[PDB]
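Asks: The following block contains the structure, expressed as structure tokens.
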There are 2 protein chains.
Amino acid sequence: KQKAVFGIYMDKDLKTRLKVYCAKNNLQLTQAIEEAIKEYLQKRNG
Amino acid sequence: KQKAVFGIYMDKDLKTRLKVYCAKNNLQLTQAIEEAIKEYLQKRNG
């Protein structure tokens, strides 16, 4: 629930793929990034 | 290589966990997000 902001320069096709993912699941772009980066740390290490 | 910008409000601990991941691997925050969101789409569907 504690929030922060993030302003980065990421690739288009990749961010946009996820954008389409957010369109398909009607998800929020942010929510998807957070899920992405969340399941990424656990899939990796942290 | 085609770049875009992204400005969202994501959780702290989560984004910050990844920040520590970027500190540990000396990675770039953005590069980590992109890897995160990349491996997320493929782990999911797209």
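As shown in the structure tokens, the chain order sets the letters A, B, ...; within each chain, residues go from 1, and ligands are also counted from 1 in the order they appear.
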Starting from chain A, keep only residues with some atom at most 7 Å from an atom of chain B, counting only C-alpha atoms, and report them as a CSV table (one decimal) with N, CA and C atoms, in the first residue's frame.

Replies:
chain,number,residue,atom,x,y,z
A,1,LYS,N,0.8,-1.2,0.0
A,1,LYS,CA,0.0,0.0,0.0
A,1,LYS,C,0.9,1.3,0.0
A,2,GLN,N,2.1,1.2,0.5
A,2,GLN,CA,3.0,2.3,0.5
A,2,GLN,C,3.5,2.5,-0.9
A,3,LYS,N,3.2,3.7,-1.4
A,3,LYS,CA,3.4,4.0,-2.8
A,3,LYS,C,4.6,4.8,-3.1
A,4,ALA,N,5.2,4.6,-4.3
A,4,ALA,CA,6.3,5.4,-4.9
A,4,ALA,C,6.0,5.7,-6.3
A,5,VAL,N,6.8,6.5,-6.9
A,5,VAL,CA,6.7,6.8,-8.3
A,5,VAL,C,7.9,6.3,-9.1
A,6,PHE,N,7.8,6.1,-10.4
A,6,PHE,CA,8.8,5.6,-11.2
A,6,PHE,C,8.8,6.1,-12.6
A,7,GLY,N,9.9,6.8,-13.0
A,7,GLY,CA,9.9,7.3,-14.3
A,7,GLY,C,11.1,6.9,-15.1
A,8,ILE,N,11.0,5.9,-15.9
A,8,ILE,CA,12.1,5.3,-16.6
A,8,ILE,C,11.9,5.3,-18.1
A,9,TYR,N,12.9,5.0,-18.9
A,9,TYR,CA,12.9,4.9,-20.3
A,9,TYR,C,13.0,3.4,-20.7
A,10,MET,N,11.9,2.7,-20.9
A,10,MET,CA,11.9,1.3,-21.2
A,10,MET,C,11.5,1.1,-22.7
A,11,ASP,N,11.8,-0.1,-23.3
A,11,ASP,CA,11.5,-0.3,-24.7
A,11,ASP,C,10.0,-0.2,-24.9
A,12,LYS,N,9.7,0.1,-26.2
A,12,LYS,CA,8.3,0.3,-26.5
A,12,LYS,C,7.6,-1.1,-26.6
A,14,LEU,N,8.1,-4.0,-25.7
A,14,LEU,CA,8.0,-4.7,-24.5
A,14,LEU,C,7.0,-4.1,-23.5
A,17,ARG,N,3.7,-4.5,-25.2
A,17,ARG,CA,3.2,-5.9,-25.1
A,17,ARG,C,2.4,-6.0,-23.8
A,18,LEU,N,3.0,-5.6,-22.7
A,18,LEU,CA,2.4,-5.5,-21.4
A,18,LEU,C,1.1,-4.6,-21.4
A,21,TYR,N,-1.4,-6.6,-22.7
A,21,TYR,CA,-1.8,-7.5,-21.6
A,21,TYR,C,-2.8,-6.9,-20.7
A,30,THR,N,0.2,-0.1,-14.3
A,30,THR,CA,1.0,-0.2,-13.1
A,30,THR,C,0.9,-1.5,-12.4
A,33,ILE,N,3.0,-4.0,-14.2
A,33,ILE,CA,4.4,-3.8,-14.0
A,33,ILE,C,4.7,-4.4,-12.6
A,34,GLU,N,3.9,-4.1,-11.6
A,34,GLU,CA,4.2,-4.5,-10.2
A,34,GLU,C,4.1,-6.0,-10.1
A,36,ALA,N,4.7,-7.9,-12.6
A,36,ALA,CA,5.8,-8.4,-13.4
A,36,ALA,C,7.1,-8.4,-12.6
A,37,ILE,N,7.3,-7.2,-12.0
A,37,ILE,CA,8.5,-7.0,-11.2
A,37,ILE,C,8.5,-7.8,-9.9
A,38,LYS,N,7.3,-8.1,-9.4
A,38,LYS,CA,7.1,-8.9,-8.2
A,38,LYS,C,7.5,-10.3,-8.5
A,40,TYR,N,9.2,-11.4,-10.7
A,40,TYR,CA,10.5,-11.4,-11.3
A,40,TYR,C,11.5,-11.6,-10.2
A,41,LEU,N,11.4,-10.9,-9.1
A,41,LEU,CA,12.2,-11.0,-8.0
A,41,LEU,C,12.2,-12.4,-7.3
A,46,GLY,N,16.2,-11.7,-5.5
A,46,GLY,CA,15.9,-10.5,-4.8
A,46,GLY,C,17.2,-9.8,-4.2

Asks: Mind checking DSSP for chain A and telling me the strand (DSSP E or B) residues as a compact mmCIF listing (two decimals) with N, CA, C and O atoms, in the first residue's frame?

Replies:
# COMPACT_ATOMS: atom_id res chain seq x y z
N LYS A 3 3.24 3.72 -1.42
CA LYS A 3 3.40 3.98 -2.84
C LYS A 3 4.64 4.80 -3.13
O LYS A 3 5.13 5.56 -2.29
N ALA A 4 5.15 4.62 -4.34
CA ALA A 4 6.25 5.40 -4.86
C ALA A 4 6.02 5.66 -6.33
O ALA A 4 5.14 5.06 -6.94
N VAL A 5 6.80 6.55 -6.91
CA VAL A 5 6.68 6.83 -8.33
C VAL A 5 7.88 6.27 -9.06
O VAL A 5 8.91 5.97 -8.44
N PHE A 6 7.76 6.12 -10.36
CA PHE A 6 8.83 5.57 -11.16
C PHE A 6 8.76 6.15 -12.56
O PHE A 6 7.73 6.06 -13.22
N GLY A 7 9.86 6.75 -13.00
CA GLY A 7 9.91 7.34 -14.32
C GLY A 7 11.13 6.90 -15.10
O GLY A 7 12.21 7.46 -14.94
N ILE A 8 10.96 5.88 -15.93
CA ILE A 8 12.09 5.28 -16.63
C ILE A 8 11.87 5.26 -18.14
O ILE A 8 10.75 5.48 -18.62
N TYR A 9 12.94 4.99 -18.87
CA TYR A 9 12.87 4.85 -20.31
C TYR A 9 13.03 3.39 -20.71
O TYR A 9 14.14 2.89 -20.86
N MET A 10 11.91 2.71 -20.87
CA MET A 10 11.91 1.29 -21.21
C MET A 10 11.50 1.11 -22.67
O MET A 10 10.92 2.01 -23.27
N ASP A 11 11.81 -0.05 -23.25
CA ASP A 11 11.50 -0.31 -24.66
C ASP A 11 10.01 -0.23 -24.92
O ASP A 11 9.19 -0.45 -24.02

Asks: Write down as a VMD selection string the residues belonging to range 4-41 of chain A that are assigned helix (DSSP H, G or I) by DSSP computed on the backbone.

Replies: chain A and resid 12 to 24 29 to 41

Asks: Those selected residues, please, written with N, CA and C atoms and delivered as a PDB file, in the first residue's frame.

Replies:
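part-v7.pdb written:
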ATOM      1  N   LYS A  12       9.661   0.056 -26.159  1.00  0.00           N
ATOM      2  CA  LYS A  12       8.280   0.251 -26.540  1.00  0.00           C
ATOM      3  C   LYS A  12       7.570  -1.078 -26.647  1.00  0.00           C
ATOM      4  N   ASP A  13       8.019  -1.903 -27.585  1.00  0.00           N
ATOM      5  CA  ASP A  13       7.370  -3.183 -27.882  1.00  0.00           C
ATOM      6  C   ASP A  13       7.129  -4.006 -26.619  1.00  0.00           C
ATOM      7  N   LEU A  14       8.094  -3.968 -25.719  1.00  0.00           N
ATOM      8  CA  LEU A  14       8.026  -4.696 -24.468  1.00  0.00           C
ATOM      9  C   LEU A  14       6.974  -4.078 -23.537  1.00  0.00           C
ATOM     10  N   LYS A  15       7.093  -2.782 -23.264  1.00  0.00           N
ATOM     11  CA  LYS A  15       6.138  -2.096 -22.403  1.00  0.00           C
ATOM     12  C   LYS A  15       4.747  -2.149 -23.028  1.00  0.00           C
ATOM     13  N   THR A  16       4.735  -2.127 -24.347  1.00  0.00           N
ATOM     14  CA  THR A  16       3.504  -2.088 -25.118  1.00  0.00           C
ATOM     15  C   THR A  16       2.853  -3.468 -25.175  1.00  0.00           C
ATOM     16  N   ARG A  17       3.675  -4.504 -25.203  1.00  0.00           N
ATOM     17  CA  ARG A  17       3.190  -5.870 -25.075  1.00  0.00           C
ATOM     18  C   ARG A  17       2.401  -6.008 -23.780  1.00  0.00           C
ATOM     19  N   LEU A  18       3.006  -5.553 -22.700  1.00  0.00           N
ATOM     20  CA  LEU A  18       2.358  -5.537 -21.403  1.00  0.00           C
ATOM     21  C   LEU A  18       1.117  -4.634 -21.427  1.00  0.00           C
ATOM     22  N   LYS A  19       1.191  -3.537 -22.169  1.00  0.00           N
ATOM     23  CA  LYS A  19       0.042  -2.649 -22.346  1.00  0.00           C
ATOM     24  C   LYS A  19      -1.128  -3.422 -22.953  1.00  0.00           C
ATOM     25  N   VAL A  20      -0.812  -4.291 -23.895  1.00  0.00           N
ATOM     26  CA  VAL A  20      -1.809  -5.140 -24.532  1.00  0.00           C
ATOM     27  C   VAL A  20      -2.301  -6.205 -23.567  1.00  0.00           C
ATOM     28  N   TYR A  21      -1.416  -6.620 -22.693  1.00  0.00           N
ATOM     29  CA  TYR A  21      -1.762  -7.526 -21.621  1.00  0.00           C
ATOM     30  C   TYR A  21      -2.764  -6.854 -20.688  1.00  0.00           C
ATOM     31  N   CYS A  22      -2.556  -5.562 -20.462  1.00  0.00           N
ATOM     32  CA  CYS A  22      -3.448  -4.773 -19.626  1.00  0.00           C
ATOM     33  C   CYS A  22      -4.759  -4.498 -20.345  1.00  0.00           C
ATOM     34  N   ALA A  23      -4.722  -4.538 -21.659  1.00  0.00           N
ATOM     35  CA  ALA A  23      -5.916  -4.361 -22.461  1.00  0.00           C
ATOM     36  C   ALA A  23      -6.721  -5.654 -22.492  1.00  0.00           C
ATOM     37  N   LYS A  24      -6.004  -6.768 -22.528  1.00  0.00           N
ATOM     38  CA  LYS A  24      -6.610  -8.087 -22.592  1.00  0.00           C
ATOM     39  C   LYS A  24      -7.252  -8.469 -21.264  1.00  0.00           C
ATOM     40  N   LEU A  29      -1.885  -0.754 -16.152  1.00  0.00           N
ATOM     41  CA  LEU A  29      -0.478  -0.788 -16.555  1.00  0.00           C
ATOM     42  C   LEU A  29       0.431  -0.967 -15.342  1.00  0.00           C
ATOM     43  N   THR A  30       0.238  -0.117 -14.347  1.00  0.00           N
ATOM     44  CA  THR A  30       1.037  -0.155 -13.137  1.00  0.00           C
ATOM     45  C   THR A  30       0.918  -1.498 -12.432  1.00  0.00           C
ATOM     46  N   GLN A  31      -0.319  -1.947 -12.238  1.00  0.00           N
ATOM     47  CA  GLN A  31      -0.582  -3.210 -11.561  1.00  0.00           C
ATOM     48  C   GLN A  31       0.159  -4.353 -12.249  1.00  0.00           C
ATOM     49  N   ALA A  32       0.214  -4.297 -13.573  1.00  0.00           N
ATOM     50  CA  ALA A  32       0.892  -5.313 -14.367  1.00  0.00           C
ATOM     51  C   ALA A  32       2.401  -5.238 -14.183  1.00  0.00           C
ATOM     52  N   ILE A  33       2.952  -4.025 -14.211  1.00  0.00           N
ATOM     53  CA  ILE A  33       4.379  -3.837 -13.956  1.00  0.00           C
ATOM     54  C   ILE A  33       4.748  -4.389 -12.588  1.00  0.00           C
ATOM     55  N   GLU A  34       3.939  -4.057 -11.599  1.00  0.00           N
ATOM     56  CA  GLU A  34       4.182  -4.478 -10.231  1.00  0.00           C
ATOM     57  C   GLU A  34       4.129  -5.992 -10.116  1.00  0.00           C
ATOM     58  N   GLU A  35       3.143  -6.607 -10.758  1.00  0.00           N
ATOM     59  CA  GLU A  35       3.059  -8.062 -10.803  1.00  0.00           C
ATOM     60  C   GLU A  35       4.262  -8.628 -11.539  1.00  0.00           C
ATOM     61  N   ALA A  36       4.666  -7.940 -12.601  1.00  0.00           N
ATOM     62  CA  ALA A  36       5.797  -8.360 -13.399  1.00  0.00           C
ATOM     63  C   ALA A  36       7.067  -8.350 -12.572  1.00  0.00           C
ATOM     64  N   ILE A  37       7.342  -7.203 -11.973  1.00  0.00           N
ATOM     65  CA  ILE A  37       8.549  -7.002 -11.221  1.00  0.00           C
ATOM     66  C   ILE A  37       8.519  -7.807  -9.913  1.00  0.00           C
ATOM     67  N   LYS A  38       7.314  -8.082  -9.419  1.00  0.00           N
ATOM     68  CA  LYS A  38       7.135  -8.884  -8.217  1.00  0.00           C
ATOM     69  C   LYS A  38       7.523 -10.330  -8.479  1.00  0.00           C
ATOM     70  N   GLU A  39       6.892 -10.924  -9.484  1.00  0.00           N
ATOM     71  CA  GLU A  39       7.131 -12.325  -9.813  1.00  0.00           C
ATOM     72  C   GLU A  39       8.515 -12.508 -10.422  1.00  0.00           C
ATOM     73  N   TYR A  40       9.160 -11.400 -10.732  1.00  0.00           N
ATOM     74  CA  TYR A  40      10.488 -11.416 -11.283  1.00  0.00           C
ATOM     75  C   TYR A  40      11.512 -11.613 -10.180  1.00  0.00           C
ATOM     76  N   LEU A  41      11.357 -10.864  -9.098  1.00  0.00           N
ATOM     77  CA  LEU A  41      12.244 -10.995  -7.950  1.00  0.00           C
ATOM     78  C   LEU A  41      12.177 -12.387  -7.350  1.00  0.00           C
TER      79      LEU A  41
END
